[PDB]
Amino acid sequence: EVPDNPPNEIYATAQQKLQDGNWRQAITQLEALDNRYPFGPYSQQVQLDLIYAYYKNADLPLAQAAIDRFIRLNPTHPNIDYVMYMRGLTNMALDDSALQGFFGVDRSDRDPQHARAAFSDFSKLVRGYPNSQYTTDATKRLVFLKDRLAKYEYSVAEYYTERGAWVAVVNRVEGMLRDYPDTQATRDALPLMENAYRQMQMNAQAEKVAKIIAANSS
Amino acid sequence: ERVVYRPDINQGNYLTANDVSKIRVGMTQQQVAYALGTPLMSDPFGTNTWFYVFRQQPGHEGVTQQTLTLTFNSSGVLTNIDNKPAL
Amino acid sequence: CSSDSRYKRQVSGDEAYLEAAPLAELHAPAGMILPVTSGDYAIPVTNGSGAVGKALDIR
Amino acid sequence: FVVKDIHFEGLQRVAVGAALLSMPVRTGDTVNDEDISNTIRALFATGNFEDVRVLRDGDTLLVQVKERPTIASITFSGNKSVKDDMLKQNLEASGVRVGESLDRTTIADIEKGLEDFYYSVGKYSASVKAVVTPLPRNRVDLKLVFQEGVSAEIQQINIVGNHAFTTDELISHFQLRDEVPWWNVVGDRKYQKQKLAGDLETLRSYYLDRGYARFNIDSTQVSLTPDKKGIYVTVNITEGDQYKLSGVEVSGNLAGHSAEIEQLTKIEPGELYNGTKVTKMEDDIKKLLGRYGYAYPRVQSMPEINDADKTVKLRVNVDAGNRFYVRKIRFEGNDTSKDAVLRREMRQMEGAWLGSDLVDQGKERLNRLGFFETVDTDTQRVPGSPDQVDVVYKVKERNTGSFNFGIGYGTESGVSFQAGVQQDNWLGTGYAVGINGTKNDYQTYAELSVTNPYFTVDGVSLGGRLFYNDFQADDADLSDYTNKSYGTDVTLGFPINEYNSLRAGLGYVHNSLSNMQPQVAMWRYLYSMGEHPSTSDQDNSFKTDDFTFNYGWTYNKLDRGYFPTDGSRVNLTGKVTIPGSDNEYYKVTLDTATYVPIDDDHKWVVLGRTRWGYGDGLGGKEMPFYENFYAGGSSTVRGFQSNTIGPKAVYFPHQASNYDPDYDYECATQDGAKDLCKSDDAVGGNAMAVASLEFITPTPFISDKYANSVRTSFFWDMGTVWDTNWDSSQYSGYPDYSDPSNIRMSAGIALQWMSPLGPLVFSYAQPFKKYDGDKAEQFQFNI
Amino acid sequence: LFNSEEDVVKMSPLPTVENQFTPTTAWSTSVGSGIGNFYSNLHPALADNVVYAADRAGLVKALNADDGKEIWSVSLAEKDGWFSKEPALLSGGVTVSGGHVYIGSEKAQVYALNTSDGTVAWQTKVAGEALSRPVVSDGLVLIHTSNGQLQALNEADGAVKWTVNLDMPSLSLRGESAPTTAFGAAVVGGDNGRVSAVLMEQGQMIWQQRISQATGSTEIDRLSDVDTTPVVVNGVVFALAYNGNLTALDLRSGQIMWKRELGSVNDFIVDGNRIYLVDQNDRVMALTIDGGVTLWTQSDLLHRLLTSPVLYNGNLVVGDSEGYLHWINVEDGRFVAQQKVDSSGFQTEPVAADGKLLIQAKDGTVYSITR
């Protein structure tokens with residue numbers, strides 16, 4: 001497919017297939033580029049273009065290894081601001097990719113895993129590159145993500161309420177209470193533990209919740 | 001309703017009459033933690049108040065419950081033992 | 001992909017995690033205070049100038 | 001001598017500095033003649049160096065290097081049975097791959113290890129040949145040739161030390177086959193060492209359950225018979241001189257459940273000892289304590305084997321643990337669906353004791369989900385108190401939904417298309433959806449079936465269904481029969497147990513008909529309705545809006561909900577008409593769901609499928625004929641055409657048909673053939689007995705990555721549908737169905753290829769017993 | 001599929017069927033279907049011109065070797081036990097001395113039938129069947145059993161004199177280390193390649209010497225007809241180890257005079273200084289005793305299924321498990337005769353003695369051969 005060419009002759013055609021939007025061959029060029037020249041001078045920049053070609057072709061299992069490969073090539077880079085975003089971005093596409101949105105159905109209760117794995121990377125990013133342009137974006141991803149977990153965990157804390165499992169209600173909320181200071185899912189789990197307490201005759205603790213209910217409706 | 005079939009529901013996290021004898025007011029949470037372990041609830045914004053609370057639905061024959069709240073002080077030295085059944 | 005009545009031309013790509021707003025903090029009263037974050041939510045709350053979503057670069 | 005410049009010739013994978021620092025004399029260093037020789041082997045110590053020849057011009061080093069870097073390809077030839085990646089795993093075991101340093105010293109060494117792989121795999125008579133084929137600018141192809149003579153096969157095992165049982169009956173327990181006849185093939189005979197290891201334990205069990213408590217395998221030596229085929233074994237054991245279970249001496253943390261333990265150690269003193277029973281009996285306590293809250297019920301027994309009397313005494317040491325191990329539960333792999341669907345499919349509550357029975361039932365609740373691939377969890381005892389276990393249900397889902405398609409009438413014609421779609425577990429909500437219907441020039445059918453399985457939290461499985469069949473039997477729009485049929489029926493989930501559940505529902509059905517055919521049993525129904533029209537004209541209309549109470553009940557014991565292995569699911573369904581209906585009748589039916597694993601590998605599973613159905617009037621009336629039972633053509637019997645097994649219709653002479661298209665649709669029509677004739681169309685019976693005999697079989701030609709998705713099963717599918725109210729007086733030149741003995745048959749093999757949208761089932765069958773004839777399509781292609 | 005699924009490496013055929021000295025049989029008197037393609041170490045006896053031959057099926061014969069007419073016949077195919085209706089199932093070859101037909105059975109129950117009638121003059125259940133010939137000399141039945149033990153058993157009644165493990169490989173690495181009574185020492189080879197001299201009279205190790213490094217990290221053969229039974233010329237053992245590594249080594253210390261580790265030799269006879277041997281490719285060679293300096297070879301026999309080479313009619317005679325016999329020009333290699341007396345072939349060996357050549361073919365057992 002991609003034969004023995006000069007590396008730039010591979011790379012410009014890879015840049016062509018990137019600018020053609022043909023990530024399929026742009027993956028196929030850049031691999032045999034770094035197969036023929038892993039000692040390529042831009043073999044690191046092959047990977048950044050590869051994850052570019054992976055993600056635009058939606059190729060996270062290739063983008064999983066390459067982000068680890070870029071670390072395993074050299075874990076120190078100026079390009080981690082791409083990569084640590086792109087790993088969270090990989091986890092963002094790994095979080096949810098289904099089509100249920102136009103059905104009036106949301107995906108914020110499905111995967112906490114690559115949610116938190118993105119929340120791992122995006123927090124590492126705003127740790128590792130608070131200077132890079134991604135930090136405006138990645139923080140807003142993190143802003144979105146905690147409530148996405150909260151709504152997910154609210155949907156968990158919903159079920160034990162609809163189950164009536166009030167002991168299983170509380171600690172699910174007690175997680176969110178020691179997780180989220182701002183999320184409205186926590187603000188709306190806030191009345192229910194009071195109820196769960198009053199179903200558990202912990203009315204006294206529930207009026208102590210009802211203060212916070214008053215205080216966080218304030 | 002008029003349906004004798006209702007499925008049973010249980011909760012867990014309670015203690016025995018031997019277990020409530022295993023501690024006294026004045027004892028540590030650790031002394032509860034040695035004899036009874038911890039329960040699966042305490043008072044998070046307030047003092048050490050350990051909750052061995054049971055809930056149970058039999059199946060359209062009543063509802064069953066046993067609440068055991070164990071208020072220590074902040075030091076974890078026990079200050080209150082309150083057993084509470086259903087209703 | 002391609003089409004002739006064209007409601008297929010909406011293909012992948014979004015900034016969904018960018019679109020919302022942040023949320024409203026805790027104002028719990030005295031004595032009813034419990035710790036609010038134990039998770040990984042202790043992030044460095046900062047930005048790095050703009051360039052968000054599709055405006056974010058791809059190197 | 002201090003080198004001014006080192007000349008780095010032919011490195012090609014390593015850097016100059018990766019060459020330079022590995023030289024024990026670097027540039028600018030004092031050069032020694034030992035350091036010349038040190039530059040030889042340390043550069044050779046890369047393994048990428050084919051030559052190192054270190055010279056200088058006075059002091060300025062010139063290191064003449066040829067290079068053995070990257071293998072650029074690895075080619076296999078002759079491995080045809082075995083996967084050559086398993087062979088490549090031995091290269092990965094030797095640190096060798098494509099893009100890895102060539103080392104021609106390691107050719108025969110790994111070649112040995114592939115033949116040592118062959119030595120271990122059950123061959124020894126198998127050679128390999130790595131052929132180094134040099135590729136551009138440093139590179140090499142690992143062409144690999146494999147010269148496989150023969151594997152080793154089981155021949156005969158000597159057993160010594162057995163002195164009560166047969167050698168031969170011991171082999172009958174085993175994996176160890178050394179016979180496949182010229183007129184029998186049940187499998188193969190080949191060797192593997194790990195078969196023997198369990199067959200030690202198969203033997204080790206086999207004496208232990210008798211009583212043999214001084215039983216011990218002395219040694220076991222496989223003959224290295226000099227033929228490269230002969231697998232002969234001496235296995236040396238000590239017999240054991242069987243001992244009695246004379247008593248149980250349980251001890252330790254009995255946790256107050258000690259009487260239950262005594263029920264769990266209800267034993268016989270003097271019983272000829274069975275440690276496998278004890279192997280069971282200890283875990284019954286661990287299952288007892290697994291429901292009594294204790295997740296680490298440490299039970300360490302001790303058989304005080306008393307050789308003075310040939311008895312054992314059974315010390316048991318119990319350590320229960322914590323009473324409330326269940327903290328909470330984690331649920332993962334929900335990345336498509338809703339977890340509250342899965343979390344309502346559990347029976348363990350958080351903040352509880354360990355109930356082990358609550359776990360696996362909830363796992364069985366996910367087993368009877370049928371929209372999954374792995375049911376699996378991690379009972380993580382959280383570090384801290386042993387009140388903390390968080391049980392982590394990382395599970396794998398499966399494809400939902402199915403379309404089915406059976407279109408005809410050409411692509412170039414008018415309004416005609418067949419449809420049908422399912423989205424059971426709609427969008428992770430669990431909503432059981434299946435929707436069909438058609439717009440045809442023969443009908444306009446509408447159909448819906450949606451279910452909230454949990455409209456109440458118990459599992460009120462609120463399922464709504466409706467239909468609208470505006471059928472016309474297209475001669476003009478009429479003239480065979482007009483029939484608009486429509487109505488609805490909603491039925492909910494009624495838990496009789498957690499494996500038993502009832503159904504009960506009410507069916508609205510309006511049918512509106514005109515120009516019906518003069519023919520006997522259709523009109524025999526009408527005469528049972530007291531309606532006796534003109535028997536030579538289709539000048540007849542009929543309007544019915546029947547109201548019926550429907551019901552059902554499900555026994556639910558089969559393992560998976562999509563791919564089970566064992567059990568039985570008895571799913572009763574039936575109906576009765578109510579007052580206000582336009583006809584007073586009923587129908588009752590039942591089809592079974594029984595799996596019979598041939599071996600308890602559950603690889604071959606017999607699928608016992610028979611079907612029952614009976615429909616009748618409620619006294620003085622009749623069940624109508626459209627719900628008479630129909631069969632054949634992948635119904636319960638394959639290889640026929642659809643709904644072709646049953647009683648067959650007898651037509652009156654039509655002298656009016658309201659239209660005839662000049663001798664077309666001939667059913668004794670108004671033009672031609674107008675006589676009392678019998679159609680080969682199956683009119684169907686008021687009673688049904690059809691069955692299908694299915695037997696799961698694996699196939700070696702499929703990878704079991706996806707052979708476990710594909711179910712292959714032969715059959716001999718027979719059945720009878722018959723009319724218990726059939727007569728000989730109305731049917732005298734016409735055959736009879738008053739007898740139940742109306743049995744057709746068609747036989748073949750079934751297959752499902754589980755596509756990315758699930759099984760798309762194809763079926764061939766061929767009739768070898770046919771009761772009075774039907775219509776046949778021997779190959780059938782379904783979904 | 002299965003016409004294309006096959007894979008078998010090649011074994012060279014038999015060329016050169018010669019009949020320069022017209023070979024015959026003396027007679028056939030065959031016991032029956034003998035060992036067959038079943039593997040055991042059975043081999044008949046011909047003492048006092050009596051063919052003590054049997055089959056591993058169970059029929060035992062004594063054949064008066066003139067047409068091999070029967071002297072006596074018994075059947076140690078037994079009838080009941082923890083297995084009922086026993087066959088013979090013999091592990092050790094037919095040894096006869098005294099009124100005792102010493103045979104090792106795969107039952108690990110060994111016998112000594114009164115040679116006048118074949119009634120069991122004594123018998124013994126022993127620790128494992130014999131992996132070698134019942135070596136019977138000096139009051140002692142010298143056994144290399146399955147367990148690698150030097151099982152010494154009294155030949156007069158079946159009293160175990162001792163039982164001492166020499167060489168225990170990873171599995172039954174099948175070596176025929178028949179413990180040779182040689183010059184007062186228990187001289188025995190190895191199923192590993194570790195060779196040894198032990199005391200004959202008590203089982204006291206004179207020495208034990210490693211020669212062949214066994215398969216598993218030093219991989220060796222499982223087709224070769226390796227005589228791991230030793231041969232001593234009084235001070236020097238001239239023997240093969242477990243793969244066929246030929247070694248001249250001292251009787252009393254085990255110290256190597258010379259060794260052909262290059263040999264993976266199948267069979268051998270030390271004929272003076274002309275060790276007439278069967279090479280590993282089922283071809284012929286012959287080396288010295290003064291070094292392993294090769295005298296000659298032959299590869300007309302090549303990849304055949306051979307028995308031992310014997311000296312009959314002044315000729316190097318050899319048979320094979322394809323049922324041929326063959327007559328090597330004893331020094332100069334050449335086929336002089338070829339008697340394909342059967343096709344059943346031989347797992348026992350030719351016995352170029354009593355003026356005859358005793359074999360037990362696999363199915364047509366006893367042919368007595370002449371030319």
# chains A, B, ... in the order shown; residues from 1 in each chain; ligands from 1
call {"tool": "residues_around", "arguments": {"residues": "residue 189 (chain E)", "least_positions_apart": "5", "cutoff": "7 Å", "atoms": "only C-alpha atoms", "output": "VMD selection string"}}
result
chain E and resid 177 194 to 196 228 to 230 241
call {"tool": "select_by_dssp", "arguments": {"residues": "chain C", "states": "alpha helix (DSSP H)", "output": "PyMOL selection string"}}
result
chain C and resi 16-19
call {"tool": "write_last_selection", "arguments": {"atoms": "C-alpha atoms", "output": "PDB file, in the first residue's frame"}}
result
ATOM      1  CA  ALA C  16     -20.636  19.001  23.769  1.00  0.00           C
ATOM      2  CA  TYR C  17     -18.394  19.190  26.843  1.00  0.00           C
ATOM      3  CA  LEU C  18     -17.808  22.859  26.013  1.00  0.00           C
ATOM      4  CA  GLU C  19     -21.409  23.915  25.558  1.00  0.00           C
TER       5      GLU C  19
END
call {"tool": "interface_residues", "arguments": {"of": "chain A", "to": "chain B", "cutoff": "10 Å", "atoms": "only C-alpha atoms", "output": "list in words"}}
result
residues 163, 164, 165, 166, 167, 168, 170, 171, 174, 177, 178, 199, 200, 201, 202, 205, 208 and 209 of chain A
call {"tool": "write_last_selection", "arguments": {"atoms": "N, CA and C atoms", "output": "CSV table (one decimal), in the first residue's frame"}}
result
chain,number,residue,atom,x,y,z
A,163,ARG,N,-35.7,2.4,44.5
A,163,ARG,CA,-35.7,1.1,45.2
A,163,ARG,C,-36.3,1.3,46.6
A,164,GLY,N,-36.0,2.4,47.2
A,164,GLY,CA,-36.2,2.6,48.6
A,164,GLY,C,-35.1,2.2,49.5
A,165,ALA,N,-33.9,1.9,48.8
A,165,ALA,CA,-32.7,1.5,49.6
A,165,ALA,C,-32.0,2.8,50.1
A,166,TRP,N,-32.5,3.2,51.3
A,166,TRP,CA,-32.1,4.5,51.8
A,166,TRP,C,-30.7,4.5,52.4
A,167,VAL,N,-30.3,3.3,52.9
A,167,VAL,CA,-28.9,3.2,53.2
A,167,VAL,C,-28.0,3.3,52.0
A,168,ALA,N,-28.5,2.7,50.9
A,168,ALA,CA,-27.8,2.8,49.6
A,168,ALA,C,-28.0,4.1,49.0
A,170,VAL,N,-27.8,7.0,50.8
A,170,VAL,CA,-27.1,8.0,51.5
A,170,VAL,C,-25.6,8.1,51.1
A,171,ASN,N,-25.0,6.9,51.1
A,171,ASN,CA,-23.5,6.8,50.8
A,171,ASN,C,-23.2,7.1,49.4
A,174,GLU,N,-23.4,10.7,49.8
A,174,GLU,CA,-22.3,11.1,50.6
A,174,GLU,C,-21.0,11.1,49.9
A,177,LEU,N,-21.6,14.3,47.9
A,177,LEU,CA,-21.4,15.5,48.9
A,177,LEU,C,-20.0,15.7,49.1
A,178,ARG,N,-19.1,14.7,49.2
A,178,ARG,CA,-17.7,14.9,49.2
A,178,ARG,C,-17.1,14.8,47.8
A,199,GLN,N,-37.3,8.5,55.9
A,199,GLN,CA,-37.7,7.1,55.8
A,199,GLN,C,-36.9,6.2,56.7
A,200,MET,N,-35.7,6.6,57.1
A,200,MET,CA,-34.9,5.9,58.1
A,200,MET,C,-35.1,6.4,59.5
A,201,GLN,N,-36.1,7.3,59.7
A,201,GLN,CA,-36.3,8.0,61.0
A,201,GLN,C,-35.1,8.8,61.4
A,202,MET,N,-34.3,9.2,60.5
A,202,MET,CA,-33.2,10.1,60.8
A,202,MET,C,-33.6,11.6,60.5
A,205,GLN,N,-31.3,14.2,61.7
A,205,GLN,CA,-30.2,14.5,60.6
A,205,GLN,C,-30.9,15.1,59.4
A,208,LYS,N,-31.2,18.6,59.8
A,208,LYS,CA,-29.9,19.1,59.6
A,208,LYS,C,-29.6,19.1,58.1
A,209,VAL,N,-30.1,18.2,57.4
A,209,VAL,CA,-30.1,18.3,55.9
A,209,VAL,C,-31.0,19.4,55.4
call {"tool": "interface_residues", "arguments": {"of": "chain C", "to": "chain B", "cutoff": "8 Å", "atoms": "only C-alpha atoms", "output": "ChimeraX atom specification"}}
result
/C:31-35
call {"tool": "write_last_selection", "arguments": {"atoms": "N, CA, C and O atoms", "output": "PDB file, in the first residue's frame"}}
result
ATOM      1  N   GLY C  31     -22.197  24.296  61.363  1.00  0.00           N
ATOM      2  CA  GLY C  31     -22.365  23.003  61.994  1.00  0.00           C
ATOM      3  C   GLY C  31     -22.789  21.896  61.060  1.00  0.00           C
ATOM      4  O   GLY C  31     -22.532  20.723  61.340  1.00  0.00           O
ATOM      5  N   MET C  32     -23.415  22.239  59.937  1.00  0.00           N
ATOM      6  CA  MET C  32     -23.845  21.272  58.942  1.00  0.00           C
ATOM      7  C   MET C  32     -22.829  21.201  57.820  1.00  0.00           C
ATOM      8  O   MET C  32     -23.128  20.736  56.718  1.00  0.00           O
ATOM      9  N   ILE C  33     -21.629  21.655  58.096  1.00  0.00           N
ATOM     10  CA  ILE C  33     -20.564  21.624  57.112  1.00  0.00           C
ATOM     11  C   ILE C  33     -19.932  20.245  57.106  1.00  0.00           C
ATOM     12  O   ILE C  33     -19.542  19.699  58.144  1.00  0.00           O
ATOM     13  N   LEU C  34     -19.842  19.678  55.916  1.00  0.00           N
ATOM     14  CA  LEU C  34     -19.063  18.478  55.684  1.00  0.00           C
ATOM     15  C   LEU C  34     -18.185  18.739  54.470  1.00  0.00           C
ATOM     16  O   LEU C  34     -18.477  19.656  53.693  1.00  0.00           O
ATOM     17  N   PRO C  35     -17.061  18.026  54.338  1.00  0.00           N
ATOM     18  CA  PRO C  35     -16.150  18.258  53.207  1.00  0.00           C
ATOM     19  C   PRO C  35     -16.809  18.071  51.851  1.00  0.00           C
ATOM     20  O   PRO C  35     -17.615  17.168  51.646  1.00  0.00           O
TER      21      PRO C  35
END
call {"tool": "residues_around", "arguments": {"residues": "region 72-78 of chain D", "least_positions_apart": "4", "cutoff": "10 Å", "atoms": "only C-alpha atoms", "output": "PyMOL selection string"}}
result
(chain A and resi 35-36) or (chain D and resi 82-85+87-88+91+96-102+128-136+138-148) or (chain E and resi 7)
call {"tool": "residues_around", "arguments": {"residues": "residue 430 (chain D)", "least_positions_apart": "2", "cutoff": "10 Å", "atoms": "only C-alpha atoms", "output": "ChimeraX atom specification"}}
result
/D:337-338,340-342,369,371,400,423-428,432-433,451-454
call {"tool": "write_last_selection", "arguments": {"atoms": "N, CA and C atoms", "output": "PDB file, in the first residue's frame"}}
result
ATOM      1  N   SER D 337     -25.825   1.501  27.928  1.00  0.00           N
ATOM      2  CA  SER D 337     -27.148   1.277  28.484  1.00  0.00           C
ATOM      3  C   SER D 337     -27.325   2.050  29.774  1.00  0.00           C
ATOM      4  N   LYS D 338     -28.435   1.770  30.442  1.00  0.00           N
ATOM      5  CA  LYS D 338     -28.709   2.375  31.731  1.00  0.00           C
ATOM      6  C   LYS D 338     -28.380   1.400  32.848  1.00  0.00           C
ATOM      7  N   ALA D 340     -29.417   1.590  36.017  1.00  0.00           N
ATOM      8  CA  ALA D 340     -30.571   1.292  36.850  1.00  0.00           C
ATOM      9  C   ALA D 340     -31.375   0.142  36.281  1.00  0.00           C
ATOM     10  N   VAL D 341     -31.292  -0.064  34.965  1.00  0.00           N
ATOM     11  CA  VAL D 341     -31.712  -1.327  34.381  1.00  0.00           C
ATOM     12  C   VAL D 341     -30.939  -2.469  34.995  1.00  0.00           C
ATOM     13  N   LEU D 342     -29.633  -2.333  35.082  1.00  0.00           N
ATOM     14  CA  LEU D 342     -28.828  -3.410  35.620  1.00  0.00           C
ATOM     15  C   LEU D 342     -28.931  -3.447  37.133  1.00  0.00           C
ATOM     16  N   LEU D 369     -31.052 -11.519  31.284  1.00  0.00           N
ATOM     17  CA  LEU D 369     -31.124 -10.320  30.459  1.00  0.00           C
ATOM     18  C   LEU D 369     -31.123 -10.671  28.976  1.00  0.00           C
ATOM     19  N   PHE D 371     -28.926  -9.618  26.744  1.00  0.00           N
ATOM     20  CA  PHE D 371     -28.397  -8.532  25.939  1.00  0.00           C
ATOM     21  C   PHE D 371     -26.980  -8.231  26.357  1.00  0.00           C
ATOM     22  N   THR D 400     -28.442  -5.117  20.405  1.00  0.00           N
ATOM     23  CA  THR D 400     -29.881  -5.207  20.584  1.00  0.00           C
ATOM     24  C   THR D 400     -30.524  -4.974  19.233  1.00  0.00           C
ATOM     25  N   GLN D 423     -36.514  -3.460  18.427  1.00  0.00           N
ATOM     26  CA  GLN D 423     -35.538  -2.824  19.306  1.00  0.00           C
ATOM     27  C   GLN D 423     -35.915  -3.159  20.744  1.00  0.00           C
ATOM     28  N   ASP D 424     -36.057  -4.457  20.973  1.00  0.00           N
ATOM     29  CA  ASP D 424     -35.913  -5.021  22.303  1.00  0.00           C
ATOM     30  C   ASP D 424     -34.698  -4.427  22.995  1.00  0.00           C
ATOM     31  N   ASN D 425     -34.884  -4.068  24.266  1.00  0.00           N
ATOM     32  CA  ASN D 425     -33.994  -3.170  24.995  1.00  0.00           C
ATOM     33  C   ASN D 425     -33.778  -1.901  24.189  1.00  0.00           C
ATOM     34  N   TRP D 426     -34.847  -1.127  24.086  1.00  0.00           N
ATOM     35  CA  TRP D 426     -34.763   0.102  23.329  1.00  0.00           C
ATOM     36  C   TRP D 426     -33.838   1.099  23.996  1.00  0.00           C
ATOM     37  N   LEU D 427     -32.672   1.303  23.381  1.00  0.00           N
ATOM     38  CA  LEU D 427     -31.742   2.392  23.695  1.00  0.00           C
ATOM     39  C   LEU D 427     -31.227   2.331  25.128  1.00  0.00           C
ATOM     40  N   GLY D 428     -31.008   1.125  25.641  1.00  0.00           N
ATOM     41  CA  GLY D 428     -30.507   1.011  26.996  1.00  0.00           C
ATOM     42  C   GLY D 428     -31.552   1.185  28.069  1.00  0.00           C
ATOM     43  N   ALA D 432     -38.676  -3.314  25.480  1.00  0.00           N
ATOM     44  CA  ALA D 432     -38.790  -4.401  24.527  1.00  0.00           C
ATOM     45  C   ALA D 432     -39.674  -3.964  23.373  1.00  0.00           C
ATOM     46  N   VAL D 433     -39.056  -3.630  22.246  1.00  0.00           N
ATOM     47  CA  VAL D 433     -39.778  -3.135  21.084  1.00  0.00           C
ATOM     48  C   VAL D 433     -39.578  -4.098  19.923  1.00  0.00           C
ATOM     49  N   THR D 451     -42.781  -2.499  25.355  1.00  0.00           N
ATOM     50  CA  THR D 451     -42.930  -2.914  26.742  1.00  0.00           C
ATOM     51  C   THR D 451     -42.026  -2.117  27.670  1.00  0.00           C
ATOM     52  N   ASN D 452     -42.630  -1.487  28.676  1.00  0.00           N
ATOM     53  CA  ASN D 452     -41.894  -1.079  29.862  1.00  0.00           C
ATOM     54  C   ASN D 452     -41.862  -2.284  30.786  1.00  0.00           C
ATOM     55  N   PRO D 453     -40.689  -2.881  30.996  1.00  0.00           N
ATOM     56  CA  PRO D 453     -40.605  -4.072  31.851  1.00  0.00           C
ATOM     57  C   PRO D 453     -40.824  -3.776  33.315  1.00  0.00           C
ATOM     58  N   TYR D 454     -40.739  -2.514  33.705  1.00  0.00           N
ATOM     59  CA  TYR D 454     -40.741  -2.108  35.089  1.00  0.00           C
ATOM     60  C   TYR D 454     -41.570  -0.849  35.282  1.00  0.00           C
TER      61      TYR D 454
END
call {"tool": "interface_residues", "arguments": {"of": "chain D", "to": "chain E", "cutoff": "6 Å", "atoms": "only C-alpha atoms", "output": "compact mmCIF listing (two decimals) with N, CA, C and O atoms, in the first residue's frame"}}
result
# COMPACT_ATOMS: atom_id res chain seq x y z
N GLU D 148 7.10 -30.66 9.57
CA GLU D 148 6.38 -31.34 10.64
C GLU D 148 6.15 -32.79 10.24
O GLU D 148 5.38 -33.08 9.33
N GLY D 149 6.83 -33.72 10.91
CA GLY D 149 6.63 -35.12 10.60
C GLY D 149 5.33 -35.66 11.16
O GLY D 149 4.40 -35.95 10.41
N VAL D 150 5.23 -35.77 12.48
CA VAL D 150 4.01 -36.29 13.08
C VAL D 150 3.90 -35.77 14.51
O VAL D 150 4.91 -35.40 15.13
N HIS D 163 -5.28 -51.90 42.50
CA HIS D 163 -5.43 -53.33 42.78
C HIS D 163 -6.87 -53.69 43.07
O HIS D 163 -7.13 -54.82 43.51
N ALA D 164 -7.81 -52.79 42.84
CA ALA D 164 -9.21 -53.14 42.99
C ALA D 164 -9.94 -52.84 41.69
O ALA D 164 -10.75 -53.65 41.22
N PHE D 165 -9.65 -51.70 41.10
CA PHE D 165 -10.32 -51.26 39.90
C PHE D 165 -9.57 -51.77 38.68
O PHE D 165 -8.48 -52.32 38.79
N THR D 166 -10.16 -51.56 37.52
CA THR D 166 -9.48 -51.88 36.29
C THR D 166 -8.63 -50.70 35.89
O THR D 166 -8.97 -49.55 36.18
N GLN D 221 5.24 -42.13 34.56
CA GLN D 221 6.33 -41.98 33.61
C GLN D 221 5.81 -42.31 32.22
O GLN D 221 5.36 -43.43 31.98
N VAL D 222 5.87 -41.34 31.33
CA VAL D 222 5.45 -41.53 29.95
C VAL D 222 6.61 -42.05 29.14
O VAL D 222 7.69 -41.45 29.14
N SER D 223 6.39 -43.16 28.42
CA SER D 223 7.41 -43.76 27.59
C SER D 223 7.81 -42.81 26.48
O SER D 223 6.97 -42.33 25.72
N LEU D 224 9.11 -42.57 26.38
CA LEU D 224 9.67 -41.87 25.24
C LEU D 224 10.03 -42.94 24.22
O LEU D 224 11.19 -43.09 23.84
N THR D 225 9.00 -43.69 23.81
CA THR D 225 9.02 -44.76 22.83
C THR D 225 9.70 -44.30 21.56
O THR D 225 9.24 -43.35 20.92
N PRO D 226 10.78 -44.93 21.16
CA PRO D 226 11.56 -44.42 20.03
C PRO D 226 10.89 -44.61 18.68
O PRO D 226 11.39 -45.36 17.83
N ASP D 227 9.77 -43.94 18.47
CA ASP D 227 9.10 -43.99 17.18
C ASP D 227 8.57 -42.62 16.79
O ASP D 227 8.03 -42.45 15.69
N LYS D 228 8.64 -41.68 17.74
CA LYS D 228 8.03 -40.35 17.71
C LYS D 228 6.51 -40.39 17.65
O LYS D 228 5.88 -39.38 17.31
call {"tool": "residues_around", "arguments": {"residues": "residue 51 (chain C)", "least_positions_apart": "2", "cutoff": "7 Å", "atoms": "only C-alpha atoms", "output": "list in words"}}
result
residues 133 and 134 of chain A; 49, 53, 55 and 56 of chain C
